[PDB]
Peer 1: 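This is the structure I want to talk about, given as structure tokens.
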Amino acid sequence: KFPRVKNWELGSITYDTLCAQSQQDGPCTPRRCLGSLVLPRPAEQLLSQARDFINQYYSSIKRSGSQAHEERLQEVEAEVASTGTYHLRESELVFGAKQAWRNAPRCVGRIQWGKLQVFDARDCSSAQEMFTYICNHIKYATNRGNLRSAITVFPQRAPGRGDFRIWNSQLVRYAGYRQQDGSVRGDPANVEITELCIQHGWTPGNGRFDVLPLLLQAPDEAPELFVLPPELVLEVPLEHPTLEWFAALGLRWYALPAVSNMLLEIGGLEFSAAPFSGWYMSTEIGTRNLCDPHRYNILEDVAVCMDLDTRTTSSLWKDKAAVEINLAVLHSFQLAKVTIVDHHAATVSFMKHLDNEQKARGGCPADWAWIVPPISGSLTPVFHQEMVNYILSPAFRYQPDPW
Amino acid sequence: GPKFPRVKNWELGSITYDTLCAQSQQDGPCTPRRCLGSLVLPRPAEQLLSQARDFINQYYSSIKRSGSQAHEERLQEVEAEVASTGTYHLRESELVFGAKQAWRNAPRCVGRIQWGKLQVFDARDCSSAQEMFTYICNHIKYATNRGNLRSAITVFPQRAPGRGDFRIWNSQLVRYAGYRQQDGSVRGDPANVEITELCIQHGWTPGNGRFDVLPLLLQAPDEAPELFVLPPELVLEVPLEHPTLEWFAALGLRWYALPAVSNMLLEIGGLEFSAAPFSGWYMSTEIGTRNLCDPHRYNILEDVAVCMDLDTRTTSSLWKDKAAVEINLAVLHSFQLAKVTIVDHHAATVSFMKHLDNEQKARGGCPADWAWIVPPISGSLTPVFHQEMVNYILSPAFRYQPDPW
Ligand code: HEM
Ligand code: HEM
Ligand SMILES: Cc1cc(N)nc(CCc2cncc(CCc3cc(C)cc(N)n3)c2)c1
Ligand SMILES: Cc1cc(N)nc(CCc2cncc(CCc3cc(C)cc(N)n3)c2)c1
Ligand SMILES: C[C@H](O)[C@H](O)[C@H]1CNc2nc(N)[nH]c(=O)c2N1
Ligand SMILES: C[C@H](O)[C@H](O)[C@H]1CNc2nc(N)[nH]c(=O)c2N1
Ligand SMILES: [Zn+2]
């Protein structure tokens with residue numbers, strides 16, 4: 001019934017009762033845990049989700065069971081009964097979006113969940129307009145390096161008509177150019193989106209860090225290409241506090257992590273284009289982006305620069321280099337005055353978040369494999385913390401590529 | 001298409017489906033409503049017969065004699081015995097098979113590529129705590145093999161109806177004392193404060209150091225536990241030093257060569273072996289990262305970073321990470337110098353990938369606990385990090401069992 005959750009470093013125990021609020025099943029069954037998989041494969045439905053969400057709204061403002069609450073419940077009844085769907089009021093949308101971040105079990109930054117700038121772009125009718133809204137988002141969220149978390153919510157989905165979509169997986173992304181030699185110049189994760197941009201008429205560059213254009217799609221239309229004005233995209237040259245040669249590698253990364261391919265579900269309405277951004281955790285760039293073998297794969301290069309025995313796993317040249325790379329990322333960002341959090345600082349804040357949520361809701365959904373950083377896992381206190389995973393709504397969902 | 005979990009490796013983009021999980025005859029802690037996959041501890045008439053029937057079938061399959069006369073006769077024999085004594089007994093080769101099979105089946109063990117190479121010492125004749133001591137000494141001798149470590153297990157007599165258990169009170173055959181201090185701190189290993197205290201209560205004269213080898217608390221059926229001291233020539237230890245940081249040897253850190261779990265239950269065809277200590281060789285992260293750096297263990301991260309002249313005042317100097325790497329490097333280096341088997345987390349994980357491929361061929365899946373397979377340092381630097389894994393309970397199995405006190 002109520003799962004007991006232990007911290008093995010401190011011996012402290014809690015119980016999770018938040019999890020009974022889960023209405024949507026996950027991948028696990030008593031027979032097998034699929035906790036580690038990245039993704040598994042009427043108008044009563046929508047009405048109860050809407051009721052439930054409205055309740056969570058009026059409760060959150062301590063106006064639960066009062067008049068405005070009843071008359072807004074009726075408003076929805078009346079809208080679905082007539083049109084099979086309904087619309088949200090701006091502040092309710094502001095509630096959902098925040099709450100969808102709060103509920104994101106794979107997110108280590110949720111201490112921040114309350115601080116979210118929310119742009120209503122539901123009055124969008126063209127890719128043209130989408131681009132404008134996307135551009136104000138980037139400008140707002142960047143703030144010359146003092147990054148501020150934002151979301152922009154484009155118009156909701158609708159029965160028998162195409163979705164508004166952002167084809168790009170993030171708003172700022174580096175091209176992947178499939179070379180003759182079968183190698184990849186640029187970022188390998190983006191080979192395919194790079195190819196679509198080119199198919200839709202973009203003139204490519206030939207560098208390792210070419211900011212990709214956006215492919216924006218308004219309902220039932222071919223997507224349209226838009227180039228991000230290069231002065232909007234803040235970038236950070238990478239260099240190392242003590243290693244003088246690192247900078248020559250000409251390595252760099254963009255300041256703004258902004259997801260743009262995820263669906264936002266609130267009270268049963270679905271928002272198919274609803275990009276959000278906060279700030280980077282250094283390990284995302286220093287460990288995964290630069291060090292994954294199927295990414296920029298810079299480990300060996302760097303270790304050879306460092307002059308390490310590469311001929312053997314037992315010298316730990318991988319672990320040594322990986323650390324220098326992460327350090328170079330932190331230093332560089334801190335030097336260019338651009339918000340970044342290290343994995344130690346981030347997981348410390350996460351632990352306090354678990355605590356706040358414990359008092360606030362009786363738990364916190366959390367995905368241990370995603371919350372523990374890609375290096376030095378057991379050196380952070382999340383490593384020792386048991387965690388319960390489950391789906392609460394409002395939620396972000398993964399959605400399949402629009403092509 | 002397939003009616004089974006799909007399993008993807010995100011580095012190579014390769015796909016497999018786990019069909020072995022259909023074999024699982026025991027439920028874990030997850031439900032469709034919520035995943036409890038990271039809990040360390042999750043919360044007989046016909047029953048025995050069917051577990052027994054299943055294991056026998058497993059044994060006859062492994063010898064490619066499924067359906068044969070010896071097979072149905074062994075089944076008949078086992079039923080005859082249960083429907084008479086309420087229990088039954090494994091043949092020698094059945095025990096060797098179930099033991100290897102339990103190691104094969106263990107989701108949390110990264111070292112399973114070695115599963116087929118296990119020395120199984122039978123000790124189901126053992127009848128006193130003195131004799132347990134003897135068996136254990138023999139085991140340690142054999143497994144340590146002067147540094148050239150060899151996987152082994154020693155099986156003591158099974159649970160009986162109306163007879164007490166064989167038990168090794170110690171969680172490991174070799175562990176350091178943890179002495180609770182005047183000032184609240186712990187000298188030694190804080191993991192072992194209780195067992196240390198229990199040893200002194202049962203008569204041990206304690207030492208006063210950070211690395212004192214504990215004595216054994218051994219419990220024959222229905223008796224008080226008797227205390228036994230391992231002769232020091234039997235416990236191989238490695239003094240720790242760094243390849244280049246010269247001051248590291250001056251810390252007087254050290255570890256023992258033989259990781260030997262001693263408190264686990266070994267379940268085979270429903271029979272329960274409450275005392276069946278098993279050992280292999282260390283992966284270097286266990287010593288260098290968990291034992292030496294956990295805040296609730298030796299906790300040497302700060303001492304070392306100070307020596308390294310790092311900025312411990314701020315997180316973003318990655319002082320924790322830099323020191324942790326050296327400590328790990330010193331573990332590897334010192335074991336390698338002293339000629340004691342060890343495997344670094346890179347090589348260990350590569351070979352587990354290879355173990356996954358083999359098992360995919362042989363059984364159609366491999367139960368594995370992601371959070372336990374991925375090493376505590378440099379996680380995504382290892383191929384296991386990008387491998388999805390299905391976790392489920394197969395039997396034969398090893399289970400955690402509560403302390404006997
Ligand atoms: C404010 C600073 C933030 C930090 C430091 C942070 C950190 C992270 C990290 C490290 C991940 C794992 C990323 C990976 O390995 O791919 C993640 C995932 C996630 N974050 Fe946060 N995040 C932040 C803000 C936000 C914001 C503003 C939102 C939404 C408004 C958000 C929603 C999510 C979601 C939905 C995921 C799941 C990723 C997926 O399934 O693709 N995060 N976050
Ligand atoms: C031969 C080299 C071996 C290596 C490198 C190895 C490695 C490991 C590691 C790193 C762990 C995680 C332990 C922890 O984090 O505390 C583990 C757990 C485990 N190992 Fe292995 N192991 C080896 C041999 C064996 C053998 C011979 C057996 C049994 C016959 C075994 C059975 C297990 C079991 C049952 C666990 C789970 C323990 C628990 O849940 O407490 N391993 N192993
Ligand atoms: C196949 C697949 C499934 C899935 N659920 N997510 C993804 C994308 C995962 C992913 C990859 N790179 C980047 C991110 C964004 C990470 C991110 C997001 C935010 C908002 C802040 C921050 N510091 N970091 C997410 C892929
Ligand atoms: C509460 C709890 C539950 C559980 N299942 N295990 C434990 C103890 C886990 C544990 C701690 N230190 C050490 C080990 C064994 C490590 C080990 C064992 C073997 C045989 C080889 C090898 N390389 N390493 C296991 C505690
Ligand atoms: C297969 C495995 O679940 C997958 O590689 C996960 C592991 N943990 C992760 N954790 C984070 N934060 N981000 C990731 O992309 C992943 N990848
Ligand atoms: C909370 C978490 O499940 C727990 O701390 C686990 C994580 N992974 C681990 N993995 C191994 N190999 N050993 C451990 O003790 C742990 N601890
Ligand atoms: Zn699970």
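Letters A, B, ... mirror the listed sequences (proteins, then strands); counts begin at 1. In what follows, every heavy atom counts, from backbone to side chain, and hydrogens, waters and symmetry copies are set aside.
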Peer 1: Is it true that a side-chain atom of B:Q158 and a backbone atom of B:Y88 form a donor plus acceptor pair closer than 3.5 Å?
Peer 2: yes

Peer 1: Search all heavy atoms of B:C126 against all heavy atoms of B:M132 and return the closest pair with its distance.
Peer 2: SG-N, 3.5 Å

Peer 1: Surrounding CD of B:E246 (heavy atoms of other residues, nucleotides or ligands, distance under 6.0 Å), is the total greater than 12?
Peer 2: no

Peer 1: Is the shortest heavy-atom distance from the side chain of B:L258 to the side chain of B:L173 under 4.5 Å?
Peer 2: no

Peer 1: Parallel, tilted or perpendicular: which one describes the rings of B:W255 and B:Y176, with boundaries at 30° and 60°?
Peer 2: perpendicular

Peer 1: Can any side-chain N or O of B:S128 pair as donor or acceptor with the backbone N or O of B:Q130 at less than 3.5 Å?
Peer 2: yes

Peer 1: Report the residues that fulfil salt bridge (charged side-chain N to carboxylate O under 4.0 Å, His left out) with B:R108, sequence neighbours left out, ordered by chain and then residue number.
Peer 2: B:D369

Peer 1: With a 4.5 Å heavy-atom cut-off, do A:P3 and A:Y15 have their side chains touching?
Peer 2: no

Peer 1: Do A:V382 and A:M387 come within less than 4.5 Å of each other through their side chains, counting heavy atoms only?
Peer 2: yes

Peer 1: Is the number of heavy atoms from other residues, nucleotides or ligands under 6.0 Å of B:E302 CD greater than 12?
Peer 2: no

Peer 1: A:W8 and side chain to side chain donor-acceptor pair (under 3.5 Å): which partner among A:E386, A:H384, A:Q385?
Peer 2: A:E386

Peer 1: Side chain to side chain contact (heavy atoms under 4.5 Å, CB included) for B:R150 and B:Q119? Distances and angles first, verdict last.
Peer 2: CA-CA 8 Å; B:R150 299 179 289 215; B:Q119 187 57 42; over 6 Å; no

Peer 1: Taking atom types as modelled, find out whether B:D344 and A:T313 have a side-chain donor-acceptor pair closer than 3.5 angstrom.
Peer 2: yes

Peer 1: Quick one: NE2 on B:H296 to CG on A:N7, what's the gap to the nearest 0.5 Å?
Peer 2: 8.0 Å

Peer 1: In this structure, which one of B:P375, B:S378, B:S380 forms a side-chain contact (heavy atoms from CB on, under 4.5 Å) with B:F385?
Peer 2: B:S380

Peer 1: Between B:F398 and B:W103, is a ring pair (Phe, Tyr, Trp, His ring centres under 6.0 Å) present by the stated rule, with each step listed?
Peer 2: CA-CA 7 Å; B:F398 289 111; B:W103 179 17; 8.7 Å; no

Peer 1: Checking the side chain of B:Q51 only, and the main-chain atoms of B:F55 only, is there a donor and an acceptor separated by less than 3.5 Å?
Peer 2: no

Peer 1: With side chain to side chain contact (heavy atoms under 4.5 Å, CB included) as the criterion, how do B:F352 and B:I113 come out once you've worked through the C-alpha distance, each side chain's angles and the decisive distance to 0.1 Å?
Peer 2: CA-CA 6 Å; B:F352 180 78; B:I113 201 175; over 6 Å; no

Peer 1: I'd like to know if the side chain of B:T85 and the backbone of B:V82 have a donor-acceptor N/O pair within less than 3.5 Å.
Peer 2: no

Peer 1: Please lay out, stage by stage, how B:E131 and B:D125 fare under the test side chain to side chain contact (heavy atoms under 4.5 Å, CB included).
Peer 2: CA-CA 10 Å; B:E131 189 174 16; B:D125 60 0; 4.3 Å; yes

Peer 1: Let me see the working for B:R363 and B:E359 under salt bridge (charged side-chain N to carboxylate O under 4.0 Å, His left out), right down to the final yes or no.
Peer 2: CA-CA 5 Å; B:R363 282 211 295 191; B:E359 289 292 83; 3.3 Å; yes

Peer 1: In Å, rounded to the nearest 0.5 Å, how long is the span from CD1 of B:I168 to CE of B:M264?
Peer 2: 13.0 Å

Peer 1: On a heavy-atom basis, which atom in B:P225 and which in B:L217 lie closest, and how many Å separate them?
Peer 2: CB-CG, 4.2 Å

Peer 1: Measuring only between side-chain heavy atoms, which start at C-beta, is B:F273 closer than 4.5 Å to B:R159?
Peer 2: no

Peer 1: Sequence neighbours left out, what passes salt bridge (charged side-chain N to carboxylate O under 4.0 Å, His left out) with B:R180? Give chain and number order.
Peer 2: none

Peer 1: Going by atom types alone, do B:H139 and B:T154 pair a side-chain donor with an acceptor below 3.5 Å?
Peer 2: yes

Peer 1: Answer yes or no: is there a donor N or O on one side and an acceptor on the other, between the side chain of B:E94 and the main chain of B:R91, under 3.5 Å?
Peer 2: yes

Peer 1: Can a donor-acceptor pair be found, under 3.5 Å and without considering hydrogens, that links the side chain of A:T380 to the backbone of A:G377?
Peer 2: yes

Peer 1: Enter the distance from B:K322:NZ to B:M308:CE here, rounded to the nearest 0.5 Å.
Peer 2: 7.0 Å

Peer 1: Between the main-chain N or O of B:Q172 and the side-chain N or O of B:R175, is there a donor-acceptor pair closer than 3.5 Å?
Peer 2: no

Peer 1: What pairs of residues pass the side-chain hydrogen bond (donor to acceptor under 3.5 Å, both in side chains) test when at least one of them lies in residues 202-215 of chain B, not counting sequence neighbours?
Peer 2: B:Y179-B:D212

Peer 1: Measure from the side-chain N and O atoms of B:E286 to the backbone N and O of B:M283, and report whether any donor-acceptor pair falls under 3.5 Å.
Peer 2: yes

Peer 1: Could you tell me which non-hydrogen atom of B:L214 sits nearest to which non-hydrogen atom of B:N170, and how far apart they are?
Peer 2: CB-ND2, 4.5 Å

Peer 1: Out of curiosity, B:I327 CD1 to B:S284 OG, how far, rounded to the nearest 0.5 Å?
Peer 2: 12.5 Å

Peer 1: Considering all heavy atoms of both residues, which atom of B:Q336 and which atom of B:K339 are nearest to each other, and what is their separation?
Peer 2: O-NZ, 2.9 Å

Peer 1: What distance do B:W115 atom CH2 and B:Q101 atom CD have between them, rounded to the nearest 0.5 Å?
Peer 2: 5.5 Å

Peer 1: Is there a donor-acceptor pair closer than 3.5 Å between any side-chain N or O of B:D122 and the backbone N or O of B:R124?
Peer 2: yes

Peer 1: Can A:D309 and A:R311 be counted as an ion pair, charged N to O under 4.0 angstrom?
Peer 2: yes

Peer 1: Would you check if B:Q401 and B:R167 make a side-chain contact, meaning some heavy-atom pair closer than 4.5 Å?
Peer 2: yes

Peer 1: Do B:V40 and B:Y400 make a side-chain contact, defined as non-hydrogen atoms from C-beta onward lying under 4.5 Å apart?
Peer 2: no

Peer 1: Which distance, rounded to the nearest 0.5 Å, do you find between the OG of B:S279 and the CD1 of B:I140?
Peer 2: 8.5 Å

Peer 1: For a side chain to side chain contact (heavy atoms under 4.5 Å, CB included) check, start with the C-alpha distance between B:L240 and B:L292, then their side-chain angles and the critical distance, and finish with the verdict.
Peer 2: CA-CA 11 Å; B:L240 284 185; B:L292 291 184; 3.8 Å; yes

Peer 1: In sequence, state the C-alpha distance, the side-chain angles, and the governing distance for B:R163 and B:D222, and then conclude on salt bridge (charged side-chain N to carboxylate O under 4.0 Å, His left out).
Peer 2: CA-CA 7 Å; B:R163 204 250 282 117; B:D222 292 332; over 6 Å; no

Peer 1: Within the 4.5 Å heavy-atom criterion, are B:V261 and B:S171 side-chain neighbours or not?
Peer 2: no

Peer 1: Could you tell me whether B:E233 atom CD has more than 12 heavy atoms of other residues or ligands within 6.0 Å of it?
Peer 2: yes

Peer 1: By the definition ring-ring contact (aromatic ring centres under 6.0 Å, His included), identify the one residue from B:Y135, B:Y142, B:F278 that meets it with B:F121.
Peer 2: B:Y142

Peer 1: So which atom in B:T341 and which in B:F335 form the shortest heavy-atom distance, rounded to 0.1 Å?
Peer 2: O-CD2, 3.8 Å

Peer 1: Does the side chain of B:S395 pick up a donor-acceptor pair with the side chain of B:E267 at under 3.5 Å?
Peer 2: yes

Peer 1: Please check if the side chain of A:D319 supplies one atom and the backbone of B:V325 the other of a donor-acceptor pair under 3.5 Å.
Peer 2: no

Peer 1: Would B:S93 and B:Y59 satisfy side chain to side chain donor-acceptor pair (under 3.5 Å), going step by step from the backbone distance to the final call?
Peer 2: CA-CA 9 Å; B:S93 51; B:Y59 173 70; 2.9 Å; yes

Peer 1: With a 4.5 Å heavy-atom cut-off, do B:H355 and B:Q114 have their side chains touching?
Peer 2: no

